[PDB]
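# Coordinate inspection notes
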Amino acid sequence: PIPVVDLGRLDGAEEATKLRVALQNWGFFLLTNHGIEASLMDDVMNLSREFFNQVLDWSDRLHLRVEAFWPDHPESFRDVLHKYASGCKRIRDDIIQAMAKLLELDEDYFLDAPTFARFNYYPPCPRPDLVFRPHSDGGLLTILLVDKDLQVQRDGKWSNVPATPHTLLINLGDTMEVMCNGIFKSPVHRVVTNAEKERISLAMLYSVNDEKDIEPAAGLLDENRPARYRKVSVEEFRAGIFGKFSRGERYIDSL
Amino acid sequence: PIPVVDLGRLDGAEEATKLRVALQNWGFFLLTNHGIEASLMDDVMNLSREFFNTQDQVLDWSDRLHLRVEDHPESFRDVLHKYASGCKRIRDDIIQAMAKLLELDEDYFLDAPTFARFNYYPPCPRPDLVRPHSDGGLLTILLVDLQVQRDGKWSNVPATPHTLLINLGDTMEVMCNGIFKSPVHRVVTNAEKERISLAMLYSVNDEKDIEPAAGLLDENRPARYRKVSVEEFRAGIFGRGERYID
Amino acid sequence: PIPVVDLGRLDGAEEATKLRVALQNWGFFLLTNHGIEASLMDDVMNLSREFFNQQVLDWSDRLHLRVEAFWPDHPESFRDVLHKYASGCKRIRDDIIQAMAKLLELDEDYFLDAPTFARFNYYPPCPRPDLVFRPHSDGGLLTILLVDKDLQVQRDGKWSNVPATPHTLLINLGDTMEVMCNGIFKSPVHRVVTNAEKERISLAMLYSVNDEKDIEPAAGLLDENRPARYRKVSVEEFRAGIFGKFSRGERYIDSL
Amino acid sequence: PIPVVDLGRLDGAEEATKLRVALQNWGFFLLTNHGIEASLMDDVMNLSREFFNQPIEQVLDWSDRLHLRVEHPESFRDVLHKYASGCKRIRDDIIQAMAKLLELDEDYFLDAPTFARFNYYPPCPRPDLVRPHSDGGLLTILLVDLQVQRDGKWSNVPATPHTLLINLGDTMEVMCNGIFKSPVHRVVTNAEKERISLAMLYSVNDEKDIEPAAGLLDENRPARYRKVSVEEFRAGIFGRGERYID
């Protein structure tokens, strides 16, 4: 039973509650019928596997920041990349726009910040070994692409998310859960792949600026809807996500 | 305050207790005077950042390739493989040197692929710097042209030229029963400062059950750690958020 | 900083939000100007130290007992004085639950039950080099408390002391009430630490709840943008839960 | 699966090792053939439950507690002192007996008054039952007319008369290097069944600073626990709610 949203028919009524039911329960959904055209998606997927072409190979990672004329049909990798990103930005602003109205805050509430792109290419390569470490995107949102077929933690159990072609996974980042007042949830995920199978993924990451500090949202607290999160500065927030105190499954074992 | 060890003078008596003092307090040390020579290490580092030399308005902050292995050449599958099997030796000289501090026969271990992690970190600006964990799987040897989590502070590890720092993985800690313990680490770097890195990670194949080592648990040297199958140990190692503090 | 509510003047704009600011920050307040008469409070306290009096020295003794025709209109001697206070405390309680249900815009009648019981702890004087009883969070449904010595809460990891002042009643919310509320109001965590060589009599009314309509966050308080912070568990798996878990214990902190 | 130990045979290797088998795996045992005699135990149980002569002649009953420090009889200040000082003896025979399984001289001491908890849970009405924690002292010896958390399950401890149940406290565990463990326990009753209990608790005074035991930690048997002062140890012990399952 997996949440799907249609980018059209949002501003809808039902597809707009579908967003809500999706963001509260799972913190993620997969968005179909957006604006990006399948012609562009496959080329980003494929120009990517191309850009990366005993001793065998397990993965390739590049992550890099975005932020003449330009072809209505791009074809250079440095150019096809740009149409999709600025295709994703529009998809994004449609999203936070719908949210701000699910939460009954002005739509304009949400505002700019830098953008990042992470490419993970997981080639085939025959073998019987699995390796990678779950994490939760500590940012605003993340818009994710996959061709060559991904899992989230809910109720301690892990469950798989079927990535289906020409559709886009979109999940919420931690700081955005703070800001939503926990009304919407930032999920936990991990990637597990089998060695000898292809898995190209390209994920857009939207962080946020040195601005008015990560605290829960303005007109969303009153006398009877208290704040679930403390007010921390954009910077104590950043150091936080890279500072760990005590944990580890190895100590889970200690006795 | 950083232990430096010598691969020579090892066994010895002085460099042989440096390990204990290093591996018990903070899980790792920096090895000088290995078998590996600067021509080779420089050539792996320079043949490495090369695997990817041209894109602008998309600026770059990353670069990883992950690959399995198993005098001086200059094809890649070879500058690597001369380095790869040079590290294999350094691995086994401590695993020998270390079963030896444990008051057991040296050969107890000797048990399954090896992995290689490549990184390189170059951009153009200053940071929009936006993760800590512990290398959880039996010994890893690290090269660069990192910080450790002791007691609550994150004390950082100065890496010195052409030396190979080596830290223990969780699988090791469980087995020798915590006498030496696997540290926790993080990487924080500046945008506009390069750091090419090369790590060799040694895990183990589906053999043995991961349990602390038979010959060091007396009647009153009990086991502090349980036995898990190299199956659920795996599922443990891949299965809190700073948001939760609030 | 110390919250106090005036029981009269409650059901009035300001003293009614004084309750809210109190229940949100720390699980408790100090209620003054209740209906109970100072004559009766002192006799409970004193008829109580009495009931327990009737190298080897004494450090504490506790009594536990459940609540529920001619009866003394006014004075008594013990076991009748107890009843006037208890059924003086039930009224104080129902006045309080009533205001809470209106602070959160839910019908007042919602809270309606179903038993009640009382814990008596008497802490005599002694010699002095030792401290034993501790921490716990009142698991249940609000508690009404009496004291005449001088009690600690664990808000913000640090521990602060609560000044217990005479002819005043300390009152805190129970665990099942934070669940029942939507976490809007909080059930505090507390401890008692006393010095050997000091008197400390305390009597706490505890109001629990019956096996009835299941512990869930409160009905008309969830809408489309007020999700529920707590799961619905049976009145029974709730009871077993509070007496059975794993945790770390300060001895494990030391494990290193 | 309850280890039962004998005060007699508390050497001879046979009852001397069930003790060890009890204290490592579970943390407690039940002693038969002590020095304490049923004429006495019975009198402490009857002089105590009686400490409540006749109060009431609309308020039903839940329980009675007595908490007080200790150091021919048949006065209450005397059946206790004969009982109290019979327990001191059982304490030191065990403190001796487990100082030798630890391979050191017996003389731990560094001992630290004595405290006595009396709990009587008389009957009343049945309906409902709306403590889990660990005795964080040193040792506690229990008499009755509860449950232990072995792993995830809560398994019951059958107390049979007139034997004396005896468990380890946290500071004992810290002092060994955890070789013997401090268990966790709970009490569950139906209301309407008598349960008189008498427990003697052994703490230690503001002295020699709680750290694991000198002559048990060597080059390949490190200390698993840090040193805390009898002061900071105290504040820890009286300083996650099931509601948080949430």
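Summary of the structure given here. All residue numbers given refer to positions from 1 along each chain's written sequence rather than to the entry's numbering, and residues for which no coordinates exist are omitted. Whichever chain is written first is A, and whichever ligand is written first is 1; the rest continue in order. By convention in this description, side-chain values take in all heavy atoms of the structure and omit both hydrogens and water.

## Details of the overall build of chain C
Along chain C, the regular secondary structure elements total six helices and ten strands. The globule rule puts the C-alpha radius of gyration for 256 residues at 18 Å, and the 19 Å found for chain C is close to it. Each principal axis of the C-alpha distribution contributes one length, and for chain C these read about 65 × 60 × 35 Å. To sort residues, take the accessible area from a 1.4 Å probe on protein chains only and compare it with the maximum for the residue type: under 20% means buried, over 50% means exposed, and anything in between is partly exposed. Scored against the burial criterion, the 256 residues of chain C give a buried share of 51%. With an accessible surface of roughly 12,400 Å², chain C has 54% of that area assigned to carbon and sulfur atoms. As used throughout, the charge tally considers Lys and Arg to be positive and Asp and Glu to be negative, leaving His and the chain termini uncounted. Every charge is mapped onto a representative atom, which is NZ of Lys, CZ of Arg, CG of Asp or CD of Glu. On chain C, the mean spot of the 31 positive side-chain charges and the mean spot of the 40 negative ones are 6 Å from each other. Secondary structure is summarised from DSSP: a helix means a run of H or I of at least four residues, a strand means a run of E of at least two, and numbering begins at the N terminus for each. Each radius of gyration is computed over the set of C-alpha atoms, and the globule rule expresses the reference value as 2.2 Å times the number of residues to the power 0.38. Residue-level accessible areas treat just the shown protein chains as cover; the underlying method is Shrake-Rupley with a 1.4 Å probe.

## Overview of the environment of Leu201 of chain B
Positionally, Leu201 of chain B belongs in strand β11 (residues 197-201). It is 18 Å that separates the C-alpha atoms of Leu201 of chain B and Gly236 of chain B, two residues lying 35 residues apart in sequence.

## As for the sheet that holds strand β9 (residues 189-190) of chain A
Residue and element names in this part refer to chain A. The rule for pairing is simple: two strands pair if DSSP sees at least two bridges between them. With antiparallel pairing, three strands are arranged side by side in an open sheet as β7-β6-β9. At either end of the open sheet lies a strand with only one pairing partner, and these are β7 (157-160) and β9. Bridge count between strand β6 (residues 151-154) and β9: two bridges; the pairing is antiparallel. Bridging from a neighbouring strand, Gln151 pairs with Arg190 of β9.

## A short note on the interface of chain B and chain A
A common measure of how large an interface is: the accessible area buried when the components associate. Contacts are assigned to residue pairs with any non-hydrogen atoms lying within 4.5 Å of each other. With 54 residues of chain B in contact, the opposing surface of chain A contributes 55 residues. Here the quantity called buried area is the accessible surface, traced with a 1.4 Å probe, that two parts lose on coming together, added over both. Summed over both partners, the interface of chain B with chain A buries about 5,400 Å², with 52% contributed by carbon and sulfur atoms. Three residues, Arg68, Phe238 and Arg243 of chain B, lead the burial of chain B against chain A; their summed loss comes to 16% of the area buried on that side. Salt bridges are defined as contacts in which a side-chain nitrogen from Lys or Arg sits within 4 Å of a carboxyl oxygen from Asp or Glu. Summed over the shared surface of chain B and chain A, the result is six salt bridges. Residues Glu177 of chain A and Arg243 of chain B are paired through a salt bridge, measuring 3.7 Å at the closest nitrogen-oxygen approach. Here a polar contact is recorded for every N or O atom pair within 3.5 Å, except that within protein the pair must consist of a potential hydrogen donor and a potential acceptor, and residues adjacent in sequence are included only if both atoms are side-chain atoms. Taken together, the links from chain B to chain A amount to 21 residue pairs in polar contact.

## Notes on the sheet that holds strand β10 (residues 185-186) of chain B
All names here are of chain B. Ordered by their spatial adjacency, three strands build an open sheet running β8-β7-β10, and the pairing between neighbours is antiparallel. Each of the sheet's edge strands pairs with one partner strand only, and the pair in question is β8 (153-156) and β10. Relative to β8, strand β7 (residues 147-150) runs antiparallel, the two sharing four bridges. Looking at the pairing, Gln149 lines up with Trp154 of β8.

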